[PDB]
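Peer 1: File input-v2.cif follows (mmCIF, C-alpha atoms):
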data_work
loop_
_atom_site.group_PDB
_atom_site.id
_atom_site.type_symbol
_atom_site.label_atom_id
_atom_site.label_comp_id
_atom_site.auth_asym_id
_atom_site.auth_seq_id
_atom_site.Cartn_x
_atom_site.Cartn_y
_atom_site.Cartn_z
ATOM 1 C CA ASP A 1 -1.451 26.301 12.271
ATOM 2 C CA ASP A 2 -3.999 24.714 9.968
ATOM 3 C CA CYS A 3 -4.849 21.041 9.666
ATOM 4 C CA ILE A 4 -5.050 18.863 6.596
ATOM 5 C CA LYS A 5 -8.476 18.624 4.986
ATOM 6 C CA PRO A 6 -10.630 15.532 5.483
ATOM 7 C CA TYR A 7 -10.158 13.471 2.290
ATOM 8 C CA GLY A 8 -7.196 15.682 1.346
ATOM 9 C CA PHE A 9 -3.671 14.261 0.983
ATOM 10 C CA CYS A 10 -1.718 13.790 4.226
ATOM 11 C CA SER A 11 1.067 11.669 2.756
ATOM 12 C CA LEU A 12 3.616 14.308 3.700
ATOM 13 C CA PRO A 13 7.173 12.927 4.067
ATOM 14 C CA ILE A 14 7.766 15.179 7.070
ATOM 15 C CA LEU A 15 8.000 13.375 10.377
ATOM 16 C CA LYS A 16 5.302 14.214 12.919
ATOM 17 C CA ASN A 17 3.044 15.768 10.344
ATOM 18 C CA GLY A 18 0.191 14.342 8.295
ATOM 19 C CA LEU A 19 -2.069 16.219 10.690
ATOM 20 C CA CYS A 20 -5.635 15.615 9.565
ATOM 21 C CA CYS A 21 -8.543 17.410 11.256
ATOM 22 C CA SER A 22 -10.443 14.123 11.155
ATOM 23 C CA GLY A 23 -7.410 12.449 12.694
ATOM 24 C CA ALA A 24 -6.486 9.415 10.668
ATOM 25 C CA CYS A 25 -4.249 9.342 7.611
ATOM 26 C CA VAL A 26 -4.211 6.534 5.066
ATOM 27 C CA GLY A 27 -2.403 8.705 2.517
ATOM 28 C CA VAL A 28 -5.592 10.662 2.252
ATOM 29 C CA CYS A 29 -7.050 12.003 5.482
ATOM 30 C CA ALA A 30 -9.598 9.613 6.844
ATOM 31 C CA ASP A 31 -11.511 9.406 10.059
ATOM 32 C CA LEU A 32 -12.204 6.680 12.552
#
Let me see the file written as structure tokens.
Peer 2:
Amino acid sequence: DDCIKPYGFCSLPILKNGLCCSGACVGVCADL
């Protein structure tokens, strides 16, 4: 367990992943 870093890369070609701590992924981890 971990999360992906805010403004780190979350463009993981794994399905049901791209799990940013700040939630949103736009290739990089974003926020909303």
Peer 1: For stretch 23-31 of chain A, list every protein, DNA or RNA residue within 8 Å, evaluated using only C-alpha atoms, and leave out those in the same chain fewer than 5 positions away; present the list as a PDB file with C-alpha atoms, in the frame of the given file.
Peer 2:
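Full text of out-v4.pdb as output:
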ATOM      1  CA  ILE A   4      -5.050  18.863   6.596  1.00  0.00           C
ATOM      2  CA  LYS A   5      -8.476  18.624   4.986  1.00  0.00           C
ATOM      3  CA  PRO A   6     -10.630  15.532   5.483  1.00  0.00           C
ATOM      4  CA  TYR A   7     -10.158  13.471   2.290  1.00  0.00           C
ATOM      5  CA  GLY A   8      -7.196  15.682   1.346  1.00  0.00           C
ATOM      6  CA  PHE A   9      -3.671  14.261   0.983  1.00  0.00           C
ATOM      7  CA  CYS A  10      -1.718  13.790   4.226  1.00  0.00           C
ATOM      8  CA  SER A  11       1.067  11.669   2.756  1.00  0.00           C
ATOM      9  CA  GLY A  18       0.191  14.342   8.295  1.00  0.00           C
TER      10      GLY A  18
END
Peer 1: Once you add 6 Å to each side, what are the centre and edge lengths of the axis-aligned box holding all listed atoms of stretch 1-7 of chain A? One decimal in Å, as AutoDock Vina command-line options, if you can.
Peer 2:
--center_x -6.0 --center_y 19.9 --center_z 7.3 --size_x 21.2 --size_y 24.8 --size_z 22.0
Peer 1: Name the residues captured by the PyMOL selection byres ((chain A and resi 2) around 9) when it is applied to the shown file; answer as a VMD selection string.
Peer 2: chain A and resid 1 3 to 4 19 21
Peer 1: Can I get C-alpha atoms for stretch 1-14 of chain A, as a short mmCIF file (atom, residue, chain, number, x, y, z; two decimals), in the first residue's frame?
Peer 2:
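What ended up in part-v3.cif:
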data_model
loop_
_atom_site.label_atom_id
_atom_site.label_comp_id
_atom_site.auth_asym_id
_atom_site.auth_seq_id
_atom_site.Cartn_x
_atom_site.Cartn_y
_atom_site.Cartn_z
CA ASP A 1 0.00 0.00 0.00
CA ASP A 2 1.34 3.42 -0.93
CA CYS A 3 -0.29 5.99 -3.18
CA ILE A 4 1.15 7.86 -6.12
CA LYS A 5 2.71 11.22 -5.31
CA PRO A 6 0.86 14.44 -6.08
CA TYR A 7 2.39 15.71 -9.35
CA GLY A 8 4.07 12.32 -9.83
CA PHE A 9 3.27 10.10 -12.83
CA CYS A 10 0.10 7.99 -12.55
CA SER A 11 -0.08 6.97 -16.20
CA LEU A 12 0.29 3.33 -15.23
CA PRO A 13 -1.11 0.90 -17.85
CA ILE A 14 -2.49 -1.32 -15.09
#
